[PDB]
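One structure below.
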Amino acid sequence: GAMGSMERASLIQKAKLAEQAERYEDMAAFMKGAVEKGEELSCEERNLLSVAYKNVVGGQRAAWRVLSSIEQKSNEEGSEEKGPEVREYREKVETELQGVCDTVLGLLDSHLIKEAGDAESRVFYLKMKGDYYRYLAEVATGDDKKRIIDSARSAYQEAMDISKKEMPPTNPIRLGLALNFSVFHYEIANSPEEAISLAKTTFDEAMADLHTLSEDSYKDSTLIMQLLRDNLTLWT
Amino acid sequence: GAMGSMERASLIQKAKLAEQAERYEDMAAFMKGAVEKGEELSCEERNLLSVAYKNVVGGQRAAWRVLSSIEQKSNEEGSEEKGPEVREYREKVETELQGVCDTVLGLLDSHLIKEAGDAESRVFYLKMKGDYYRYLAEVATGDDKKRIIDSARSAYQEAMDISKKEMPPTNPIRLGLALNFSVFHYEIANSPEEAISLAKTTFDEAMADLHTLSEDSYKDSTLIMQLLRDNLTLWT
Amino acid sequence: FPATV
Amino acid sequence: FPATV
Ligand SMILES: N=C(N)c1cc(-c2cccc(NC(=O)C3(Oc4ccc(Cl)cc4)CCCCC3)c2)cs1
Ligand SMILES: N=C(N)c1cc(-c2cccc(NC(=O)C3(Oc4ccc(Cl)cc4)CCCCC3)c2)cs1
């Protein structure tokens with residue numbers, strides 16, 4: 001770890017600076033260094049970690065989709081052979097994406113999840129584990145694709161079970177987990193009905209618990225509820 | 001060079017793919033590999049090179065500005081000492097920026113400029129040389145700052161002299177060179193009057209030559225003329 | 001693409 | 001910032 005000589009607090013400070021500068025690769029490297037100090041992460045620190053890698057892998061996914069699209073067109077009936085370059089470069093981006101996912105999954109496995117006992121940390125990390133297996137699933141095509149999908153499903157399911165036992169239905173982590181697990185069902189597991197059912201049930205159970213919330217908590221919960229509705233509108 | 005084993009044509013193809021994927025660091029690496037094949041660059045290839053590094057260094061400059069701003073505030077009367085981290089991280093981004101500039105300047109010096117005999121290539125490369133010394137000047141503070149400024153000025157001046165002898169006043173390379181040299185005067189050389197004079201004279205000489213152009217050439221020239229006017233509006 | 005957080 | 005190309 002090239003961050004091994006930097007103070008934990010300095011790594012966290014620099015992650016926040018990197019965020020302000022929209023330097024998300026740096027942000028992720030700083031937060032990886034912080035995780036590798038071995039201490040548990042606070043709520044703010046967990047979100048710094050997730051923001052950083054979400055931005056990095058999000059850009060990789062967008063690039064992969066562009067390149068995969070070009071590659072599919074190059075392979076349709078009527079196309080002029082352009083050689084191996086599109087496939088090679090898509091593979092290059094894909095391998096870098098898989099590397100980032102493996103890095104995040106490695107941090108969760110060593111040893112963030114095993115030390116996470118509170119629902120807010122444990123559900124957060126298991127959601128991340130589902131998310132990064134989901135991103136691996138998006139590009140998977142080999143002997144391992146079903147197993148990658150089942151790893152995502154298993155992580156999401158454990159997170160779901162904890163969240164339903166330990167968090168209110170408006171908890172934004174619970175809502176965001178359900179949002180993403182619903183997308184997993186629709187886009188990865190070829191289970192659009194499960195996706196729609198989960199989004200709708202999550203939305204309705206949250207709606208009924210909004211009356212308990214402060215104005216600030218209401219704003220946080222209704223924001224994610226609107227994303228659930230947005231997806232439901234996309235899918236029906 | 002890690003691109004030494006890839007075909008020149010494959011590097012150019014992958015640069016275009018990287019552009020479509022908004023992967024500008026990759027784009028720049030591919031075009032550096034193409035330059036290092038040793039052959040002169042075509043017009044399209046020169047613009048691929050410039051687009052790639054402009055995007056990379058543009059992001060670095062934006063980040064540096066954010067961090068420099070935070071650093072200045074941390075040093076005002078009344079601020080709470082936050083330690084060395086802001087300075088350290090600004091220095092990190094600055095050093096990476098200087099590295100990119102040095103890389104581009106190195107490509108121009110080995111050996112793009114010396115083989116560039118046509119006005120369209122030679123003016124293009126000397127403009128780039130002025131631009132990347134200008135970016136070095138933006139972050140310079142040491143014994144070398146005046147010399148960096150004079151290196152930018154000298155490159156721009158040689159490009160200007162060639163462009164006025166060899167290109168029409170509407171040539172978009174000539175216009176873009178004048179635009180950027182004008183910004184050099186305003187922002188680097190503390191010569192706002194020279195900046196304004198150059199922008200105005202360039203705009204007026206171009207206006208008088210538009211009648212010679214096709215519709216497509218007209219669109220290209222008037223686009224850059226509008227940037228000249230935009231700057232003049234900012235400065236007056 | 002659908003929304004995720 | 002001013003425009004450059
Ligand atoms: N960027 C930083 N510097 C910091 C961010 C935080 C922080 C702490 C708690 C919660 C959020 N919320 C979020 O980012 C959003 O909502 C989520 C995120 C993830 C999930 Cl699992 C569920 C909802 C993201 C999506 C839209 C609404 C907001 C951020 C502390 S510091
Ligand atoms: N991105 C690619 N794949 C390719 C780009 C080109 C290409 C070839 C000739 C010219 C331009 N023009 C430009 O990019 C712009 O105008 C310039 C640029 C630089 C200067 Cl010195 C002057 C004007 C940039 C700024 C706004 C108007 C357009 C592009 C071939 S391929």
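Each chain of the structure tokens is named A, B, ... in the order shown, its residues numbered from 1; ligands are numbered from 1 in display order.
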
Mind dumping a table of every chain C residue within 10 Å of ligand 1, with the nearest atom pair and its distance in Å to one decimal, using only C-alpha atoms and all ligand atoms, sorted by chain and rising number, as CSV?
```
residue,atom,partner,partner_atom_place_in_ligand_line,distance
C:3,CA,ligand 1,25 (C),9.5
C:4,CA,ligand 1,25 (C),7.9
C:5,CA,ligand 1,25 (C),5.0
```

- Taking only C-alpha atoms and all ligand atoms into account, report as a ChimeraX atom specification which residues have an atom no farther than 9 Å from an atom of ligand 2. /B:15-16,19-20,43-52,123-125,127-128,171-177,180,220-221,223-224,227 /D:4-5

- Please measure the separation of atom CA of residue B:225 and atom CA of residue B:203, giving the value in Å to one decimal. 5.8 Å

For the contact check between chain B and chain A, emit one row per residue of chain B within 6 Å, containing the shortest atom pair and the distance in Å rounded to one decimal, counting only C-alpha atoms, chain then rising number order, as a Markdown table.
```
| residue | atom | partner | partner_atom | distance |
| --- | --- | --- | --- | --- |
| B:21 | CA | A:63 | CA | 4.6 |
| B:63 | CA | A:21 | CA | 4.6 |
| B:66 | CA | A:21 | CA | 5.8 |
```

Excluding stretch 118-122 of chain A and any residue of its chain fewer than 3 positions from it, enumerate the residues within 7 Å of it, using only C-alpha atoms, and give them as an mmCIF file with N, CA, C and O atoms, in the first residue's frame.
```cif
data_model
loop_
_atom_site.group_PDB
_atom_site.id
_atom_site.type_symbol
_atom_site.label_atom_id
_atom_site.label_comp_id
_atom_site.auth_asym_id
_atom_site.auth_seq_id
_atom_site.Cartn_x
_atom_site.Cartn_y
_atom_site.Cartn_z
ATOM 1 N N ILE A 113 -16.681 -6.163 6.407
ATOM 2 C CA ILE A 113 -17.949 -6.816 6.721
ATOM 3 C C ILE A 113 -17.841 -7.589 8.028
ATOM 4 O O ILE A 113 -18.724 -7.506 8.882
ATOM 5 N N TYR A 125 -22.389 -2.209 3.933
ATOM 6 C CA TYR A 125 -21.316 -2.964 3.293
ATOM 7 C C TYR A 125 -21.848 -4.121 2.461
ATOM 8 O O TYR A 125 -21.319 -4.396 1.377
ATOM 9 N N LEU A 126 -22.891 -4.815 2.938
ATOM 10 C CA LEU A 126 -23.437 -5.907 2.150
ATOM 11 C C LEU A 126 -24.117 -5.390 0.881
ATOM 12 O O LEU A 126 -24.059 -6.055 -0.161
ATOM 13 N N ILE A 162 -31.388 -8.255 7.070
ATOM 14 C CA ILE A 162 -31.009 -7.424 8.205
ATOM 15 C C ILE A 162 -31.803 -6.132 8.213
ATOM 16 O O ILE A 162 -32.276 -5.681 9.265
ATOM 17 N N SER A 163 -31.945 -5.509 7.048
ATOM 18 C CA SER A 163 -32.586 -4.202 6.983
ATOM 19 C C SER A 163 -34.052 -4.300 7.393
ATOM 20 O O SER A 163 -34.567 -3.409 8.070
ATOM 21 N N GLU A 166 -34.005 -4.664 11.292
ATOM 22 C CA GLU A 166 -33.292 -3.714 12.127
ATOM 23 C C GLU A 166 -33.468 -2.256 11.756
ATOM 24 O O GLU A 166 -33.064 -1.402 12.548
#
```

- Query: What's the 10 Å shell around residue B:8, counting only C-alpha atoms, without same-chain residues fewer than 6 positions away, as a PyMOL selection string?
  - Reply: chain B and resi 14+30-31+33-39

- Task: For residue D:1, list every protein, DNA or RNA residue within 10 Å, evaluated using only C-alpha atoms, and leave out those in the same chain fewer than 6 positions away; present the list as a ChimeraX atom specification.
- Result: /B:183,187,231,234

With N, CA and C atoms retained, write the just-selected residues as a compact mmCIF listing (two decimals), in the first residue's frame.
```
# COMPACT_ATOMS: atom_id res chain seq x y z
N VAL B 183 -5.01 35.23 -24.57
CA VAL B 183 -5.20 34.82 -23.18
C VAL B 183 -3.87 34.78 -22.42
N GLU B 187 -3.64 36.74 -18.94
CA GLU B 187 -3.63 35.96 -17.70
C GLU B 187 -2.22 35.64 -17.19
N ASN B 231 -14.21 36.71 -25.27
CA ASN B 231 -13.15 37.19 -24.39
C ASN B 231 -13.12 38.70 -24.33
N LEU B 234 -15.66 39.81 -21.99
CA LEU B 234 -15.20 39.57 -20.63
C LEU B 234 -14.24 40.65 -20.16
```

- Quick one: of A:185, A:211, A:32, A:147, who's nearest to residue C:2, counting only C-alpha atoms? A:185

- Message: Can you tell me which residues surround stretch 129-133 of chain B at a distance of at most 9 Å, considering only C-alpha atoms, apart from same-chain residues fewer than 6 positions away, and format the answer as a ChimeraX atom specification?
- Response: /B:57,100-102,104-105,108-109,148-157,159,180-181,184
